[PDB]
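The next block is coords36.cif, given as mmCIF, C-alpha atoms and all ligand atoms.
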data_upload
loop_
_atom_site.label_atom_id
_atom_site.label_comp_id
_atom_site.auth_asym_id
_atom_site.auth_seq_id
_atom_site.Cartn_x
_atom_site.Cartn_y
_atom_site.Cartn_z
CA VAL A 1 94.46 119.29 93.49
CA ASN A 2 91.93 119.15 96.33
CA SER A 3 92.00 119.45 100.13
CA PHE A 4 91.54 115.74 101.23
CA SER A 5 94.49 114.57 103.38
CA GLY A 6 95.81 111.23 104.69
CA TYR A 7 93.91 108.98 102.27
CA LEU A 8 95.23 105.71 100.88
CA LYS A 9 94.78 105.51 97.10
CA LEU A 10 92.96 102.30 96.09
CA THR A 11 92.42 103.01 92.37
CA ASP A 12 92.64 105.80 89.83
CA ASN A 13 89.56 107.43 91.41
CA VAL A 14 88.87 105.79 94.83
CA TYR A 15 90.61 106.83 98.07
CA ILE A 16 90.04 105.61 101.66
CA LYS A 17 90.78 106.91 105.18
CA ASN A 18 90.05 105.88 108.76
CA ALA A 19 88.04 108.94 109.73
CA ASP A 20 84.81 110.17 111.25
CA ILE A 21 82.87 111.50 108.25
CA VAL A 22 81.37 114.25 110.43
CA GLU A 23 84.80 115.52 111.49
CA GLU A 24 86.16 115.09 107.98
CA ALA A 25 83.24 116.95 106.57
CA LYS A 26 83.58 119.85 109.06
CA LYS A 27 87.29 120.24 108.23
CA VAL A 28 87.23 119.72 104.54
CA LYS A 29 83.80 121.47 103.72
CA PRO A 30 83.61 119.31 100.61
CA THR A 31 81.30 120.20 97.76
CA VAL A 32 79.38 116.95 98.37
CA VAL A 33 79.07 114.74 101.44
CA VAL A 34 77.13 111.49 100.97
CA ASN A 35 74.61 110.41 103.59
CA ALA A 36 73.72 106.75 104.11
CA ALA A 37 70.01 107.51 104.01
CA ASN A 38 66.80 105.52 104.16
CA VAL A 39 63.84 106.14 101.85
CA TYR A 40 62.07 108.28 104.48
CA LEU A 41 65.14 110.44 105.19
CA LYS A 42 64.66 109.62 108.87
CA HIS A 43 68.19 110.27 110.11
CA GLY A 44 68.03 108.32 113.35
CA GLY A 45 71.32 106.46 113.63
CA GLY A 46 74.45 105.32 111.92
CA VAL A 47 76.07 107.80 109.57
CA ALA A 48 72.75 109.60 109.03
CA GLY A 49 72.10 110.12 112.72
CA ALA A 50 75.64 111.42 113.19
CA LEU A 51 75.50 113.81 110.21
CA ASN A 52 72.12 115.09 111.31
CA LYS A 53 73.25 115.62 114.91
CA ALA A 54 76.20 117.65 113.65
CA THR A 55 73.73 119.95 111.82
CA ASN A 56 71.77 120.53 115.07
CA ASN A 57 68.80 118.69 113.41
CA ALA A 58 68.62 121.13 110.47
CA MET A 59 69.22 118.21 108.09
CA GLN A 60 66.14 116.44 109.52
CA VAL A 61 63.98 119.58 109.26
CA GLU A 62 64.95 120.05 105.62
CA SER A 63 64.47 116.34 104.93
CA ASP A 64 60.96 116.28 106.42
CA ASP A 65 59.94 119.13 104.11
CA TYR A 66 61.46 117.25 101.15
CA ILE A 67 59.47 114.09 101.95
CA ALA A 68 56.25 116.02 102.57
CA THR A 69 56.58 117.47 99.05
CA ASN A 70 58.06 114.55 97.10
CA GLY A 71 57.34 111.33 98.98
CA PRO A 72 59.93 108.68 99.79
CA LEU A 73 63.03 107.95 97.77
CA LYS A 74 63.54 104.65 95.95
CA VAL A 75 65.93 102.06 97.32
CA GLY A 76 68.96 102.66 95.10
CA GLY A 77 67.95 106.31 94.63
CA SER A 78 69.12 109.65 95.92
CA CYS A 79 68.36 113.32 96.30
CA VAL A 80 70.56 116.41 96.64
CA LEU A 81 69.83 118.63 99.62
CA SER A 82 71.83 121.19 101.59
CA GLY A 83 75.09 120.22 103.26
CA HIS A 84 74.34 122.71 106.07
CA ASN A 85 77.50 123.39 108.14
CA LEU A 86 79.13 120.24 106.76
CA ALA A 87 79.43 120.63 102.99
CA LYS A 88 77.84 122.67 100.16
CA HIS A 89 75.55 119.76 99.35
CA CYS A 90 74.48 116.48 100.90
CA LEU A 91 73.75 113.64 98.49
CA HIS A 92 71.33 111.38 100.38
CA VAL A 93 71.78 107.89 98.88
CA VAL A 94 69.64 104.91 99.82
CA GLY A 95 71.59 101.69 99.78
CA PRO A 96 69.69 98.46 100.42
CA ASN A 97 69.24 97.61 104.11
CA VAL A 98 69.94 93.90 104.55
CA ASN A 99 68.22 94.05 107.93
CA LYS A 100 65.03 94.90 105.97
CA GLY A 101 65.52 92.16 103.35
CA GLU A 102 66.32 94.52 100.47
CA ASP A 103 68.04 93.20 97.35
CA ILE A 104 71.81 93.65 97.55
CA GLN A 105 72.00 94.06 93.76
CA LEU A 106 70.46 97.54 94.29
CA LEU A 107 73.81 98.48 95.84
CA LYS A 108 75.27 99.08 92.36
CA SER A 109 72.33 101.34 91.49
CA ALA A 110 72.93 103.26 94.73
CA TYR A 111 76.61 103.86 93.91
CA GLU A 112 75.69 105.00 90.36
CA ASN A 113 74.30 108.18 91.95
CA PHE A 114 77.88 109.15 92.85
CA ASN A 115 78.75 109.50 89.13
CA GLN A 116 76.64 112.66 88.92
CA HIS A 117 79.24 114.46 91.10
CA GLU A 118 82.88 115.10 90.22
CA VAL A 119 84.18 114.70 93.79
CA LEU A 120 82.51 113.28 96.91
CA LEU A 121 83.17 112.52 100.54
CA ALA A 122 81.26 109.34 101.34
CA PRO A 123 80.73 106.35 103.61
CA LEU A 124 80.56 102.80 102.35
CA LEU A 125 76.95 102.35 101.26
CA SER A 126 74.91 99.66 103.01
CA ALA A 127 77.67 99.14 105.61
CA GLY A 128 77.26 99.57 109.35
CA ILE A 129 73.67 99.27 110.54
CA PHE A 130 72.49 98.60 106.97
CA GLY A 131 73.89 95.11 107.36
CA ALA A 132 75.90 94.52 104.17
CA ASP A 133 79.47 93.24 104.05
CA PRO A 134 81.68 96.37 103.84
CA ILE A 135 84.24 94.47 101.73
CA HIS A 136 81.51 93.69 99.06
CA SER A 137 80.36 97.30 99.30
CA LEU A 138 83.92 98.51 98.63
CA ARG A 139 84.19 96.21 95.61
CA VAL A 140 80.92 97.53 94.15
CA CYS A 141 82.07 101.10 94.82
CA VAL A 142 85.35 100.56 92.97
CA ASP A 143 83.61 98.78 90.07
CA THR A 144 80.79 101.37 89.75
CA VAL A 145 81.95 104.88 90.69
CA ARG A 146 84.03 106.66 88.04
CA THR A 147 84.18 110.09 89.72
CA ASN A 148 86.59 110.88 92.55
CA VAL A 149 85.39 109.39 95.82
CA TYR A 150 87.01 109.84 99.24
CA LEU A 151 85.71 107.08 101.52
CA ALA A 152 85.65 107.70 105.28
CA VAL A 153 85.60 104.54 107.41
CA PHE A 154 84.85 105.19 111.09
CA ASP A 155 86.09 101.89 112.53
CA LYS A 156 89.88 101.53 112.52
CA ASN A 157 89.69 97.73 112.70
CA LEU A 158 87.34 97.61 109.71
CA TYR A 159 89.44 99.99 107.77
CA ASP A 160 92.65 97.99 108.21
CA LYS A 161 90.70 94.92 107.07
CA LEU A 162 89.25 96.60 104.02
CA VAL A 163 92.76 97.75 103.01
CA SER A 164 94.52 94.51 103.66
CA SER A 165 91.79 92.44 101.77
CA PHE A 166 91.52 94.83 98.81
CA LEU A 167 92.31 93.39 95.37
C1 LIG B 201 80.36 101.43 111.28
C2 LIG B 201 79.97 101.63 109.82
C3 LIG B 201 81.01 100.96 108.94
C4 LIG B 201 78.58 101.05 109.48
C5 LIG B 201 77.44 101.84 109.96
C6 LIG B 201 77.51 103.28 109.67
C7 LIG B 201 76.42 103.61 108.60
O1 LIG B 201 76.39 102.95 107.53
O2 LIG B 201 75.58 104.52 108.79
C8 LIG B 201 78.83 103.73 109.04
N1 LIG B 201 80.08 103.10 109.58
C9 LIG B 201 81.31 103.80 109.82
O3 LIG B 201 82.26 103.25 110.25
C10 LIG B 201 81.41 105.29 109.61
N2 LIG B 201 82.21 105.73 108.67
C11 LIG B 201 82.33 107.03 108.53
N3 LIG B 201 81.69 107.87 109.29
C12 LIG B 201 80.87 107.48 110.26
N4 LIG B 201 80.13 108.16 111.14
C13 LIG B 201 79.48 107.33 111.92
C14 LIG B 201 79.81 106.03 111.54
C15 LIG B 201 80.71 106.14 110.47
#
Could you spell out this file's structure in structure tokens?
Amino acid sequence: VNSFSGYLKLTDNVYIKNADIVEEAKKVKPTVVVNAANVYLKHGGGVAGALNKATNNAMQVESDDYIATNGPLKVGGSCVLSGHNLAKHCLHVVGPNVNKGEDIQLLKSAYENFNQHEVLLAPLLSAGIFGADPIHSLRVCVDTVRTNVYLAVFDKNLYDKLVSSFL
């Protein structure tokens, strides 16, 4: 038993809710919140900009130190950093950004990072400003992640679509 509430069960291990991930994170305090990151951990907009704003920019400060030490992430890769006031940990995962021409097949590799964590609160990778089809992203998530994932979808219209078109 865990503290996530109001989710629709899609599969044995995947759940979905129409929710603002920032507000869900602040209420739940999950062990892991996933950020829709870029390779530079520049958290300017989308989910990343919202998560970072909710940390009063502490996520960005920590991220800049991480990059200065380690260099950029790989597309399809991830790193674990602090969850600040939002979660114990933030798993920064880089899905491919279609608006940069990155290979959508790397989306499966991106979701594989979730399997290193028993339970996660997460957005749909490569959705939103990353330019992928959220329905394809949901399919890859379901077919790749084996750990328990609670997907927060900000847009109510998108959500209802994702649910109604799910197979
Ligand atoms: C619009 C879109 C589907 C695609 C772009 C955003 C991104 O990928 O960064 C995420 N997003 C969400 O609806 C979403 N879902 C949960 N929490 C969120 N907080 C801010 C947006 C958001």
- Note on the structure: Of A:27, A:164, A:73, A:48, the one sitting nearest residue 5 (chain A) when using only C-alpha atoms is A:27
- Task: Kindly compile the residues surrounding ligand LIG 201 (chain B) within 10 Å, counting all atoms listed in the file, and format them as a ChimeraX atom specification.
- Result: /A:17-25,35-38,43-51,95,97,121-134,151-159
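Close contacts of residue 14 (chain A), defined as residues with an atom at most 8 Å away when counting all atoms listed in the file, with chain neighbours fewer than 5 positions off set aside, comprise residues 9, 142, 148, 149, 150 and 151 of chain A.
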- Item | Which residue of A:42, A:89, A:26, A:108 approaches residue 77 (chain A) most closely, using only C-alpha atoms | A:108
- Message: If I take CA of residue 8 (chain A) and CA of residue 55 (chain A), how far is one from the other in Å, to one decimal?
- Response: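 Value for the CA of residue 8 (chain A)-CA of residue 55 (chain A) distance: 28.0 Å.
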- Message: Just the number, please: distance in Å from CA of residue 112 (chain A) to CA of residue 84 (chain A), one decimal.
- Response: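 We find that CA of residue 112 (chain A) and CA of residue 84 (chain A) lie 23.7 Å from each other.
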- Item | Separation of CA of residue 107 (chain A) from CA of residue 7 (chain A), in Å and rounded to one decimal | 23.6 Å
- Taking all atoms listed in the file into account, which of A:100, A:146, A:117, A:29 comes nearest residue 13 (chain A)?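 Answer, going by the shortest atom-to-atom distance: A:146.
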Please identify every residue of region 79-138 of chain A that has at least one atom no farther than 12 Å from an atom of region 61-68 of chain A, counting only C-alpha atoms, and for each give the shortest atom pair and the distance in Å to one decimal, arranged by chain then increasing number, as JSON lines.
{"residue": "A:79", "atom": "CA", "partner": "A:66", "partner_atom": "CA", "distance": 9.3}
{"residue": "A:80", "atom": "CA", "partner": "A:66", "partner_atom": "CA", "distance": 10.2}
{"residue": "A:81", "atom": "CA", "partner": "A:62", "partner_atom": "CA", "distance": 7.9}
{"residue": "A:82", "atom": "CA", "partner": "A:62", "partner_atom": "CA", "distance": 8.1}
{"residue": "A:83", "atom": "CA", "partner": "A:62", "partner_atom": "CA", "distance": 10.4}
{"residue": "A:84", "atom": "CA", "partner": "A:62", "partner_atom": "CA", "distance": 9.8}
{"residue": "A:90", "atom": "CA", "partner": "A:63", "partner_atom": "CA", "distance": 10.8}
{"residue": "A:91", "atom": "CA", "partner": "A:63", "partner_atom": "CA", "distance": 11.6}
{"residue": "A:92", "atom": "CA", "partner": "A:63", "partner_atom": "CA", "distance": 9.6}
- Message: So, with all atoms listed in the file as the atoms that count, which of A:162, A:87, A:135, A:140 lies closest to residue 34 (chain A)?
- Response: A:87
- Query: In terms of the shortest atom-to-atom distance over only C-alpha atoms, which of A:145, A:86, A:138, A:41 is closest to residue 109 (chain A)?
  - Reply: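 Under the stated criterion, the closest residue is A:145.
Candidate residues A:136, A:98, A:32, A:85 were compared for distance to residue 115 (chain A), and the nearest is A:32, using only C-alpha atoms.
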